[PDB]
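This report refers to the structure that appears directly beneath it.
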Amino acid sequence: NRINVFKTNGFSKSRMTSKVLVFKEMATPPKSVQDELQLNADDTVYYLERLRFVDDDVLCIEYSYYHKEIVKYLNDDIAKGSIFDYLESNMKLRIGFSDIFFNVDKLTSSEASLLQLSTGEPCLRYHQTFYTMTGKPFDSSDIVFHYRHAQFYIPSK
Amino acid sequence: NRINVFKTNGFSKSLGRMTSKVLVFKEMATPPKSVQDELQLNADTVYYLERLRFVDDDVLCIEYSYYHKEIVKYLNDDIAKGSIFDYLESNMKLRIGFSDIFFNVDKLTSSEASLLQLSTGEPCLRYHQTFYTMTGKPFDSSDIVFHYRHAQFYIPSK
Ligand SMILES: [Zn+2]
Ligand SMILES: [Zn+2]
C-alpha cells in the first residue's frame with residue numbers, strides 16, 4: 001500500500017517497525033537545529049536516529065531532534081514505539097501543524113549502505129518540522145526514503 | 001523557488017514563470033485501457049498530450065495527460081501552450097472539485113532523460129494526479145516526470 005503525507009502524524013499512523021540506532025540528550029544542539037527549533041546553545045534537545053521498516057522492508061532512515069522543554073521527556077525505550085502516540089496520549093501534547101519539504105536526489109555512499117542500495121541511486125529527502133498548537137516548533141526531522149519501498153499518496157481539495 | 005502540492009490547481013496557478021512546449025496532441029476516439037478504467041469511460045473520446053514544462057527557462061517536468069472530452073468540452077494544442085486549468089475554469093467554466101495524487105521516486109528512461117537534459121538512470125519523481133469535477137466526475141489523468149534538481153516541493157500540513 002501507500003504512505004500518506006497530508007497527515008501531520010507519525011508514520012506509525014499511516015505494519016511499521018524500528019531499529020533505534022541512536023538516542024541521546026544533547027546539552028548543545030547542532031546550529032542547524034538551534035535555528036530550525038528557535039533555540040539557543042543552552043536548552044536541551046533529544047536526538048533520535050531510526051531505521052524504519054514496513055512489513056520487513058527497509059523504508060527510510062530518520063534523523064529527529066526534539067525540544068526537551070516542549071516534549072518534556074523521551075528515552076530510547078519509548079523511541080522503539082510511536083513517538084507521536086506517546087506525545088498525544090501520555091504527554092498530552094496538542095500538536096497543531098507542520099511544514100513539509102522534499103526533493104529527489106542521489107544517495108550518498110553511507111546512505112546507500114544503510115538502505116541496502118548502491119551509491120548514487122535515487123532517494124527522496126524529506127524534511128518535516130512539527131509545531132504545537134501555540135506555534136512552538138518541537139520536532140525537526142530529516143528522512144531519506146528507500147526509492148522502491150516508499151510510495152506516496154495525498155488527497156487534495 | 002518551491003512547488004506546492006497541497007493544492008488542487010494547475011502549476012501555472014501553483015507557482016508562476018511557467019512556459020511549456022507541446023510535444024504531442026491527439027484526439028483519441030479510443031482511450032487506453034487504464035484511462036478507461038481511471039476516467040470511468042466507454043471505449044467516450046479523450047484528448048492526449050505530452051508537454052515539456054519550464055520554470056524560468058529551467059526544464060521542470062514532462063507531462064503526459066488524458067482529458068475526458070465530454071467534460072472538458074474542447075481542447076486544442078494552442079490552448080495547451082498556456083494554463084489548461086485557467087482555460088478550464090475561466091472559459092469552460094468547469095467546476096473543479098478535488099484530486100488524488102500519487103508519487104514515488106524512480107530512475108529515468110533514456111527518452112525522459114533527453115527531454116529533461118539529464119542522463120539515463122538518474123533520479124526523478126513520477127507523480128500522478130487524477131482530477132474530479134465538483135460532482136465527483138473524473139476528467140483528467142496526468143503523469144508527470146520531474147527534473148530532480150529543478151523540482152523542490154512543499155506541503156503545508158495540518
Ligand atoms: Zn512516530
Ligand atoms: Zn496547467
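To be explicit about the labels: the chains of the C-alpha cells are called A, B, and onward in the order shown, and within each one the residues are counted from 1, while ligands get numbers from 1 in the order they are shown.
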
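Every residue of chain A that lies within 8 Å of chain B is listed here, counting only C-alpha atoms: residues 6, 7, 8, 96, 97, 98, 99, 100, 101, 102, 103, 104, 105, 106, 121, 122, 123, 124, 147, 148, 150, 151, 152, 153, 154, 155, 156 and 157 of chain A.
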
For ligand 2, return the neighbouring residues as a PDB file with N, CA, C and O atoms, in the first residue's frame (distance at most 10 Å; only C-alpha atoms and all ligand atoms).
ATOM      1  N   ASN B   9      -4.766  22.754  -8.062  1.00  0.00           N
ATOM      2  CA  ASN B   9      -4.902  23.657  -9.205  1.00  0.00           C
ATOM      3  C   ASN B   9      -3.866  23.244 -10.248  1.00  0.00           C
ATOM      4  O   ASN B   9      -3.289  22.169 -10.136  1.00  0.00           O
ATOM      5  N   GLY B  10      -3.651  24.055 -11.275  1.00  0.00           N
ATOM      6  CA  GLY B  10      -2.552  23.813 -12.210  1.00  0.00           C
ATOM      7  C   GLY B  10      -1.275  24.459 -11.715  1.00  0.00           C
ATOM      8  O   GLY B  10      -1.314  25.347 -10.868  1.00  0.00           O
ATOM      9  N   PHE B  11      -0.137  24.030 -12.246  1.00  0.00           N
ATOM     10  CA  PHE B  11       1.155  24.562 -11.788  1.00  0.00           C
ATOM     11  C   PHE B  11       1.355  26.025 -12.137  1.00  0.00           C
ATOM     12  O   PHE B  11       2.073  26.737 -11.431  1.00  0.00           O
ATOM     13  N   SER B  12       0.732  26.476 -13.220  1.00  0.00           N
ATOM     14  CA  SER B  12       0.772  27.889 -13.575  1.00  0.00           C
ATOM     15  C   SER B  12       0.201  28.729 -12.435  1.00  0.00           C
ATOM     16  O   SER B  12       0.770  29.765 -12.084  1.00  0.00           O
ATOM     17  N   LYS B  13      -0.908  28.254 -11.858  1.00  0.00           N
ATOM     18  CA  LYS B  13      -1.552  28.888 -10.691  1.00  0.00           C
ATOM     19  C   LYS B  13      -0.776  28.564  -9.403  1.00  0.00           C
ATOM     20  O   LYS B  13      -0.735  29.369  -8.473  1.00  0.00           O
ATOM     21  N   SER B  14      -0.165  27.383  -9.361  1.00  0.00           N
ATOM     22  CA  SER B  14       0.572  26.914  -8.181  1.00  0.00           C
ATOM     23  C   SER B  14       1.801  27.775  -7.862  1.00  0.00           C
ATOM     24  O   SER B  14       2.028  28.125  -6.707  1.00  0.00           O
ATOM     25  N   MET B  18       6.001  30.010 -15.670  1.00  0.00           N
ATOM     26  CA  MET B  18       5.755  28.744 -16.351  1.00  0.00           C
ATOM     27  C   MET B  18       5.583  28.949 -17.834  1.00  0.00           C
ATOM     28  O   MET B  18       4.809  29.795 -18.245  1.00  0.00           O
ATOM     29  N   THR B  19       6.326  28.187 -18.628  1.00  0.00           N
ATOM     30  CA  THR B  19       6.037  28.032 -20.049  1.00  0.00           C
ATOM     31  C   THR B  19       6.143  26.558 -20.386  1.00  0.00           C
ATOM     32  O   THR B  19       6.658  25.755 -19.609  1.00  0.00           O
ATOM     33  N   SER B  20       5.622  26.179 -21.537  1.00  0.00           N
ATOM     34  CA  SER B  20       5.611  24.776 -21.872  1.00  0.00           C
ATOM     35  C   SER B  20       5.746  24.616 -23.346  1.00  0.00           C
ATOM     36  O   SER B  20       5.395  25.502 -24.087  1.00  0.00           O
ATOM     37  N   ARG B  53       7.629  21.149 -19.714  1.00  0.00           N
ATOM     38  CA  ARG B  53       7.367  22.381 -18.951  1.00  0.00           C
ATOM     39  C   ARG B  53       8.611  22.980 -18.319  1.00  0.00           C
ATOM     40  O   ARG B  53       9.474  22.274 -17.818  1.00  0.00           O
ATOM     41  N   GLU B  63       5.030  16.205 -18.923  1.00  0.00           N
ATOM     42  CA  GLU B  63       3.661  15.909 -18.509  1.00  0.00           C
ATOM     43  C   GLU B  63       2.957  15.095 -19.581  1.00  0.00           C
ATOM     44  O   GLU B  63       2.939  15.491 -20.723  1.00  0.00           O
ATOM     45  N   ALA B  80      -3.323  24.368 -25.066  1.00  0.00           N
ATOM     46  CA  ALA B  80      -2.335  23.572 -24.328  1.00  0.00           C
ATOM     47  C   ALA B  80      -0.954  24.253 -24.097  1.00  0.00           C
ATOM     48  O   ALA B  80      -0.200  23.808 -23.255  1.00  0.00           O
ATOM     49  N   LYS B  81      -0.612  25.302 -24.835  1.00  0.00           N
ATOM     50  CA  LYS B  81       0.619  26.046 -24.553  1.00  0.00           C
ATOM     51  C   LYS B  81       0.533  26.785 -23.214  1.00  0.00           C
ATOM     52  O   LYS B  81       1.534  26.918 -22.528  1.00  0.00           O
ATOM     53  N   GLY B  82      -0.645  27.267 -22.833  1.00  0.00           N
ATOM     54  CA  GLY B  82      -0.798  28.024 -21.589  1.00  0.00           C
ATOM     55  C   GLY B  82      -1.333  27.178 -20.465  1.00  0.00           C
ATOM     56  O   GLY B  82      -1.182  25.960 -20.476  1.00  0.00           O
ATOM     57  N   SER B  83      -1.958  27.827 -19.488  1.00  0.00           N
ATOM     58  CA  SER B  83      -2.555  27.133 -18.350  1.00  0.00           C
ATOM     59  C   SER B  83      -3.852  26.472 -18.741  1.00  0.00           C
ATOM     60  O   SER B  83      -4.841  27.150 -19.024  1.00  0.00           O
ATOM     61  N   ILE B  84      -3.861  25.149 -18.730  1.00  0.00           N
ATOM     62  CA  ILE B  84      -5.059  24.403 -19.102  1.00  0.00           C
ATOM     63  C   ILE B  84      -6.111  24.597 -18.025  1.00  0.00           C
ATOM     64  O   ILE B  84      -7.290  24.688 -18.301  1.00  0.00           O
ATOM     65  N   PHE B  85      -5.680  24.710 -16.798  1.00  0.00           N
ATOM     66  CA  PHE B  85      -6.623  24.862 -15.709  1.00  0.00           C
ATOM     67  C   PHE B  85      -7.326  26.243 -15.660  1.00  0.00           C
ATOM     68  O   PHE B  85      -8.483  26.321 -15.236  1.00  0.00           O
ATOM     69  N   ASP B  86      -6.668  27.306 -16.137  1.00  0.00           N
ATOM     70  CA  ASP B  86      -7.321  28.610 -16.241  1.00  0.00           C
ATOM     71  C   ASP B  86      -8.365  28.556 -17.324  1.00  0.00           C
ATOM     72  O   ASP B  86      -9.466  29.062 -17.143  1.00  0.00           O
ATOM     73  N   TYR B  87      -8.008  27.964 -18.460  1.00  0.00           N
ATOM     74  CA  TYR B  87      -8.968  27.775 -19.543  1.00  0.00           C
ATOM     75  C   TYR B  87     -10.175  27.013 -19.021  1.00  0.00           C
ATOM     76  O   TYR B  87     -11.325  27.436 -19.199  1.00  0.00           O
ATOM     77  N   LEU B  88      -9.907  25.909 -18.339  1.00  0.00           N
ATOM     78  CA  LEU B  88     -10.979  25.088 -17.828  1.00  0.00           C
ATOM     79  C   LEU B  88     -11.921  25.884 -16.921  1.00  0.00           C
ATOM     80  O   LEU B  88     -13.125  25.788 -17.064  1.00  0.00           O
TER      81      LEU B  88
END

task = Could you give me, as JSON, numbers by chain, the residues within 7 Å of residue 50 in chain B, counting only C-alpha atoms and dropping anything in the same chain fewer than 6 positions from it?
result = {"B": [22, 23, 24, 25, 63, 64, 65]}

Could you dump the residues just selected with C-alpha atoms as a PDB file, in the first residue's frame?
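Generated output (out36.pdb):
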ATOM      1  CA  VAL B  22       3.631  20.922 -26.582  1.00  0.00           C
ATOM      2  CA  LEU B  23       5.182  17.713 -27.916  1.00  0.00           C
ATOM      3  CA  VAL B  24       2.045  15.736 -28.858  1.00  0.00           C
ATOM      4  CA  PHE B  25      -1.675  16.438 -29.059  1.00  0.00           C
ATOM      5  CA  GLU B  63       3.661  15.909 -18.509  1.00  0.00           C
ATOM      6  CA  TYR B  64       1.567  13.113 -20.056  1.00  0.00           C
ATOM      7  CA  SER B  65      -2.167  13.914 -19.681  1.00  0.00           C
TER       8      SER B  65
END

task = Show me which residues sit within 9 Å of ligand 1 when counting only C-alpha atoms and all ligand atoms, and put them as a ChimeraX atom specification.
result = /A:9-13,79,81-86

key: strand (DSSP E) positions in range 31-119 of chain B, given as a ChimeraX atom specification   = /B:46-55,58-68,96-107

request  = Measure the distance from CA of residue 145 in chain B to CA of residue 77 in chain B in Å and round it to one decimal.
outcome  = 20.2 Å

query = Contacts of residue 33 in chain A at 12 Å or less, counting only C-alpha atoms, minus same-chain residues fewer than 3 places along, as a count of residues only?
reply = 27

message = When you look at residue 34 in chain B with a cut-off of 12 Å (counting only C-alpha atoms), what residues show up, excluding the ones that are within fewer than 5 positions of it in the same chain? I need them as a PyMOL selection string.
response = chain B and resi 39-43+66+141-142

key: Shell of 8 Å around residue 94 in chain A, only C-alpha atoms, local chain residues under 2 positions omitted, as an MDAnalysis selection string   = chainID A and resid 88 92 96 132:133

Please write the residues from the selection above to a file, keeping N, CA and C atoms, as a PDB file, in the first residue's frame.
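Ended up saving to again29.pdb:
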ATOM      1  N   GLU A  88       0.876  12.413  22.284  1.00  0.00           N
ATOM      2  CA  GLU A  88      -0.529  12.808  22.440  1.00  0.00           C
ATOM      3  C   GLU A  88      -1.212  12.144  23.594  1.00  0.00           C
ATOM      4  N   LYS A  92       0.221  14.293  26.544  1.00  0.00           N
ATOM      5  CA  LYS A  92      -0.962  15.120  26.277  1.00  0.00           C
ATOM      6  C   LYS A  92      -0.615  16.436  25.545  1.00  0.00           C
ATOM      7  N   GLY A  96      -0.257  20.905  16.522  1.00  0.00           N
ATOM      8  CA  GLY A  96      -1.108  21.741  15.670  1.00  0.00           C
ATOM      9  C   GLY A  96      -0.931  21.571  14.175  1.00  0.00           C
ATOM     10  N   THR A 132       3.481  22.796  17.828  1.00  0.00           N
ATOM     11  CA  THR A 132       2.365  22.746  18.747  1.00  0.00           C
ATOM     12  C   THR A 132       1.278  23.678  18.216  1.00  0.00           C
ATOM     13  N   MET A 133       0.133  23.618  18.868  1.00  0.00           N
ATOM     14  CA  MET A 133      -0.994  24.459  18.525  1.00  0.00           C
ATOM     15  C   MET A 133      -0.783  25.927  18.856  1.00  0.00           C
TER      16      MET A 133
END

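Between CA of residue 113 in chain B and CA of residue 144 in chain B lies a distance of 13.3 Å.
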
A:130, A:145, A:73, A:23 ranked by distance to residue 116 in chain A, top pick (using only C-alpha atoms) =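 Looking at the shortest contact to residue 116 in chain A, the residue is A:145.
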
ask   = Rounded to one decimal in Å, what is the spacing between CA of residue 112 in chain B and CA of residue 69 in chain B?
value = 27.0 Å
